[PDB]
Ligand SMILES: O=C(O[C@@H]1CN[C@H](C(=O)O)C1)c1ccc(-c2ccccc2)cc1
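Quick heads-up: it's one chain on its own, the form solved without this ligand, in structure tokens.
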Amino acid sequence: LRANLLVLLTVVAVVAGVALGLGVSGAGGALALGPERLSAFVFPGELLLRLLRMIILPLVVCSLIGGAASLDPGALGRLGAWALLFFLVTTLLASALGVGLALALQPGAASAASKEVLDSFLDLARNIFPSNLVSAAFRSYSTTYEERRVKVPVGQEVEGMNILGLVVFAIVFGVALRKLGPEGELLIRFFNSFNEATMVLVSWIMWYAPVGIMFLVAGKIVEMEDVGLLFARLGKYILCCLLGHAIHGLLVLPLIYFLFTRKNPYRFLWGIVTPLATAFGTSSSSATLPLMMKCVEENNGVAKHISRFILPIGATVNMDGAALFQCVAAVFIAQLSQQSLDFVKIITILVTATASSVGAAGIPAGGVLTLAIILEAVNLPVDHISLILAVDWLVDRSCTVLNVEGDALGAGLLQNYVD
């Protein structure tokens, strides 16, 4: 079927990009290409990223408005509380697994290789309640410091979409529309139509996705000066990250799903393999959001009013893979600096990763800034982050799957809470 063809092409795009980038690097790489040729070579990946960033606003906002307006406020409140508990518990488990898998199997046992913590959470709270809806569509509040030599924190809005604030506003506005009654039907229909129109565009973009992924991966592995040396240096770190992701996705989340529902979790995952493949290929949660919702509603028995509400929220708040990656990177850096971590600092890492996972922006910087916040919370050198980013093109992808799987299973849990 053409859905299977698209999934196969999207997955094979990563392998083809890896091969193309290795060939280009072995044929001189960027120095042989030069800046002008390299920019054109990597441009298609940038085009794909721009296309994927375009859809996030209308898709998420309309989906959340519809999902919130399609449920009784009391039932919506109970469902949201349970979903938040599930997301927090899963993120905490991912962080704990990441820390445990790095203290053992030490990735940094070789010699080859800012905002205050309170101010970061105050900025998170400010972004949860945007001061302007139009501005929130492309800017987020951020605090810098001015010396008066007291470092007073002064804040301003800086580039970067405010997804968390818009999500909160969409949920509240949908609740208000539901409470209006027959007067709010027109707006519910309007936002549903907008959501369907946006999903059509997302489906069209999925066809160009493989070509963008090709050049994205090729350029991002051409930027590495030495593939062999870098991989020999970060082999154990990548092993820790991917092993933690595999353990969390294949053992922990399925175990929780079985314990609570007592149905087969792998039969559930078999119905969403296609969204998982799209997530791995594109590294975008919004890209798989429509396909994930379709598969969950059709292949699985999840009710529409459950999926349309839970999945858009999880795509923004549930970042198990990101938390695991951040904790593994923090332990790796702490081992590189030979700065022994005691129980207090381990708990600090866990709590900071869990708390900062909420509001992790969709941009690539959103998964590495939180790492800087964690390092500051524990007092680690940020200089080493250069290494961590160098393999994001792989690790981030592994994160994205774990960032969506936990969402789908989450819905699968709440369905049983409703049954």
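Numbering starts at 1 and follows the sequence shown. Each form is matched to the other, and the largest set of C-alpha atoms that superpose within 1.5 Å is called the rigid core.
Below: the form deposited with this ligand bound, not depicted.
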| task | Open or blocked, can you tell me? Superimpose the site C-alphas, put this ligand where it sits in the bound PDB entry, and call it blocked only if 3 or more of its atoms are within 2.4 Å of a backbone or C-beta atom. | result | blocked
| Which of these residues, 286, 307, 91, 278, gets a heavy atom within 4.5 Å of this ligand in the bound PDB entry? | 286
| task | May I ask you to choose, among 38, 372, 388, 360, the residue with a heavy atom within 4.5 Å of this ligand in the bound PDB entry? | result | 360
| said: With the partner left out here, check for me: in the bound PDB entry, does some heavy atom of residue 364 sit within 4.5 Å of this ligand? | reply: yes
| query | At the 4.5 Å heavy atom threshold, is residue 377 in contact with this ligand in the bound PDB entry? | reply | no
| field | Distance check, residue 409 to this ligand in the bound PDB entry, heavy atom within 4.5 Å | value | no
| query | If you check in the bound PDB entry, is residue 42 within 4.5 Å of this ligand, heavy atoms only? | reply | no
| said: Quick check for you: of 233 to 241, 136 to 144, 101 to 109, 314 to 322, which stretch puts a non-hydrogen atom within 4.5 Å of this ligand in the bound PDB entry? | reply: 314 to 322
| message | Please determine whether each residue of 59, 63 and 295 possesses a non-hydrogen atom within 4.5 angstroms of this ligand in the bound PDB entry. | response | no
| Sequence-ordered list of residues in 389 to 404 near this ligand in the bound PDB entry, where near means a heavy atom within 4.5 Å | 396, 399, 400, 403
| query | residue 362: with the rigid core matched between the shown form and the other one, does its Cα shift 2 Å or more? | reply | yes
| Closer or farther in the bound PDB entry: C-alpha pair residue 362, residue 196 (3 angstroms or more) | farther
| task | Work out whether the Cα atoms of residue 88 and residue 361 come closer together or move farther apart in the bound PDB entry than they are in this form, the change being 3 angstroms or more. | result | closer
